[PDB]
Asks: 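So that we are looking at the same thing, I have put the structure below in structure tokens.
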2 protein chains.
Amino acid sequence: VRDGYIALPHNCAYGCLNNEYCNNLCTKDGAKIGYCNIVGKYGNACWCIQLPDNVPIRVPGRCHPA
Amino acid sequence: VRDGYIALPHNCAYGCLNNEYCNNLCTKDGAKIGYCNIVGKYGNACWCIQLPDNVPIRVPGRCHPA
């Protein structure tokens with residue numbers, strides 16, 4: 001498992017206004033919990049705790065939206 | 001141990017701009033890790049994970065300055 005900003009395809013973060021949203025999103029993807037965390041995206045983005053290793057997270061670099 | 005917004009008297013949270021700060025603050029106080037998460041209308045605050053029970057966290061109610 002690992003922590004990170006869960007990614008939208010490809011390498012794009014989920015912007016957020018609410019911790020509740022990130023908790024829903026992260027847990028549906030198998031994480032323990034999620035938070036709406038400062039500046040993964042300009043503003044805040046969802047950061048998940050103990051996501052399964054097979055779920056992609058954001059890495060430094062560009063967002064290439066599918 | 002419990003998770004929460006580490007508190008400054010009186011029942012005030014620590015505002016933040018970077019995760020690094022919250023991580024330092026939380027871990028120096030015995031928490032596992034810390035994050036700078038959303039805490040309302042345009043503002044973020046430090047959230048600590050598994051903060052020991054000798055360190056106060058925010059509870060419902062207003063922040064009373066000083």
Side-chain angles (χ1 to χ4, degrees):
Chain A
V1 293
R2 62 186 177 158
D3 305 342
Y5 296 109
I6 184 173
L8 231 11
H10 288 284
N11 205 219
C12 304
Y14 288 84
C16 59
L17 292 165
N18 286 326
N19 291 128
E20 292 64 38
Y21 157 46
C22 296
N23 182 63
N24 182 45
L25 174 68
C26 289
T27 57
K28 286 186 169 148
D29 282 274
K32 187 53 116 296
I33 190 157
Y35 309 113
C36 182
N37 184 71
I38 203 164
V39 84
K41 174 181 165 175
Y42 190 147
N44 296 260
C46 296
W47 178 271
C48 305
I49 302 299
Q50 292 177 35
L51 226 28
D53 293 342
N54 280 339
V55 177
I57 63 173
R58 182 155 161 86
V59 295
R62 295 287 183 276
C63 162
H64 279 92
Chain B
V1 111
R2 65 288 197 244
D3 299 351
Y5 294 98
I6 186 169
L8 281 164
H10 262 262
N11 196 222
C12 301
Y14 285 84
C16 59
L17 297 170
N18 278 160
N19 283 297
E20 173 190 339
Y21 164 53
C22 296
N23 186 60
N24 187 239
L25 171 72
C26 290
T27 60
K28 283 180 170 161
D29 281 288
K32 182 167 153 193
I33 187 159
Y35 291 105
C36 184
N37 295 336
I38 266 287
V39 57
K41 196 182 162 173
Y42 193 49
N44 299 78
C46 293
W47 178 264
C48 300
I49 294 328
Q50 290 169 34
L51 188 67
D53 279 283
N54 61 320
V55 183
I57 60 164
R58 207 159 134 56
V59 295
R62 252 83 91 295
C63 156
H64 298 289

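In what follows, chains are A, B, ... by sequence order, proteins preceding strands, each numbered from 1.
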Asks: Does a sphere of radius 6.0 Å around CD in B:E20 hold more than 12 heavy atoms from other residues, nucleotides or ligands, not counting ones at 6.0 Å or beyond?
Replies: no
Asks: To the nearest 0.5 Å, how far apart are CG in A:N18 and CG in A:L25?
Replies: 12.5 Å
Asks: Under a single-linkage definition using a 4.5 Å side-chain heavy-atom cutoff for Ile, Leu, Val, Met, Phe, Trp and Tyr, are A:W47 and B:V39 assigned to the same hydrophobic cluster?
Replies: yes
Asks: Consider only side-chain heavy atoms of I, L, V, M, F, W and Y, link residues closer than 4.5 Å, and tell whether A:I38 and B:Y21 are in one cluster.
Replies: no
Asks: With hydrophobic residues grouped by side-chain heavy-atom distances under 4.5 Å, do B:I57 and B:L8 end up in a single group?
Replies: yes
Asks: A:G15 and A:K41: which non-hydrogen atoms are nearest, and at how many Å?
Replies: CA-CD, 3.4 Å
Asks: Regarding A:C26 and A:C48, I want to know if their SG-SG distance comes in below 2.5 Å, which is how I'm defining a disulfide.
Replies: yes
Asks: Sulfur to sulfur, is the gap between A:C46 and A:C22 shorter than 2.5 Å?
Replies: yes
Asks: Apply side chain to side chain contact (heavy atoms under 4.5 Å, CB included) to B:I33 and list each qualifying residue two or more places apart in sequence or on a separate chain.
Replies: B:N23, B:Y35, B:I49
Asks: Keeping B:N11 on the side-chain end and B:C63 on the backbone end, is there a donor-acceptor pair under 3.5 Å?
Replies: no
Asks: Is it the case that over 12 heavy atoms from other parts of the model lie below 6.0 angstrom from the CG atom of A:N54?
Replies: no
Asks: Take A:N44 and A:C16 through the test side chain to side chain contact (heavy atoms under 4.5 Å, CB included) and record every step on the way to the result.
Replies: CA-CA 6 Å; A:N44 296 260; A:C16 59; 3.8 Å; yes
Asks: Carefully, step by step, assess A:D3 and A:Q50 under the rule side chain to side chain contact (heavy atoms under 4.5 Å, CB included).
Replies: CA-CA 5 Å; A:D3 305 342; A:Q50 292 177 35; 4.2 Å; yes
Asks: Do the side-chain N and O atoms of A:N19 and B:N37 include a donor-acceptor pair separated by under 3.5 angstrom?
Replies: no
Asks: Could you pull out the closest heavy-atom pair between A:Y14 and A:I6, with the gap in Å?
Replies: CD1-O, 3.4 Å
Asks: List the atom of B:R58, the atom of B:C12, and the distance in Å for their closest heavy-atom pair.
Replies: CD-C, 4.1 Å
Asks: Quick check against the 3.5 Å criterion: does A:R2 have a side-chain atom that pairs as donor or acceptor with the backbone of A:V55?
Replies: yes
